[PDB]
Amino acid sequence: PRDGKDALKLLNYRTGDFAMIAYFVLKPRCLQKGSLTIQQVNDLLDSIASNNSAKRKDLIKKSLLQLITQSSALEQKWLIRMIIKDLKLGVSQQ
DNA sequence: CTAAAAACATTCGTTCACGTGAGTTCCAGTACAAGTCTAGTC
């Protein structure tokens with residue numbers, strides 16, 4: 001719902017990072033075991049980037065839908081963090 | 001020549017000064033993670 005609690009939590013995240021909110025929202029609404037390998041995720045991200053550079057959003061939506069439906073809550077959280085490019089783990093690049 | 005007094009020798013308990021080993025805990029240093037780096041218009 002547009003006015004539902006989940007929508008308000010997702011949109012109003014004080015622009016507790018967005019990844020945690022998405023994980024909490026999707027925890028009772030997604031599967032428990034995914035089936036997407038690293039190669040498939042890389043291919044989907046490559047398609048998303050190539051389509052963004054080509055100014056096409058329908059296929060981006062399709063790829064995101066596939067990722068959402070073929071992933072669990074933790075996988076979705078990590079994918080969101082990767083897309084935002086803010087993967088924090090306590091260990092630096094070095 | 002003998003007795004009294006002074007001096008010396010050894011032992012014992014106590015206190016003080018230092019040195020040295022061992023066990024426990026605190027702390028100052030060092031390593032690392034993360035954020036920031038100018039401000040605006042179109």
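Scope of the values below: all heavy atoms of this structure, side chains included, with no hydrogens, waters or symmetry mates. Just so we're on the same page: letters track the sequence lines, and every chain starts at 1.
Between A:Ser71 and A:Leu36 there is a side-chain heavy-atom pair separated by less than 4.5 Å. Between A:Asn51 and A:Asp58 there is no side-chain heavy-atom pair separated by less than 4.5 Å. The shortest side-chain heavy-atom distance between A:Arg81 and A:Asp17 falls under the 4.5 Å cut-off. Looking only at side-chain heavy atoms (C-beta outward), A:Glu75 and A:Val41 stay at 4.5 Å or farther from each other.
Distance A:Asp86 CG to B:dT36 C1': 15 Å, rounded to the nearest Å. Going from atom NZ of A:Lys85 over to atom P of B:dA34 covers 17 Å, rounded to whole Å.
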Scan nucleotides 30-33 of chain B against the protein and return all N/O pairs shorter than 3.5 Å with their distances rounded to 0.1 Å.
unit_1: B:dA33; atom_1: OP1; unit_2: A:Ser92; atom_2: N; d: 3.2

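At least one donor-acceptor pair under 3.5 Å links the side chain of A:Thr69 to the backbone N or O of A:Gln66. Side chain of A:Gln76 to main chain of A:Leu67: a donor-acceptor pair is present (N/O by atom type, distance under 3.5 Å, no hydrogens or angles).
A:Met82 is not connected to A:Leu45 by any chain of hydrophobic side-chain contacts under 4.5 Å among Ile, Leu, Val, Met, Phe, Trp and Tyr, and they are in different clusters.
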request  = Using a 3.5 Å limit on both pairing distances, list the dot-bracket string of DNA chain B from the 5' end; Watson-Crick and G-U wobble pairs count, crossing pairs take [ ], interstrand pairs take |.
outcome  = ..........................................
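Residues A:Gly16 and A:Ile21 approach most closely at O-CD1, 3.5 Å, considering heavy atoms.
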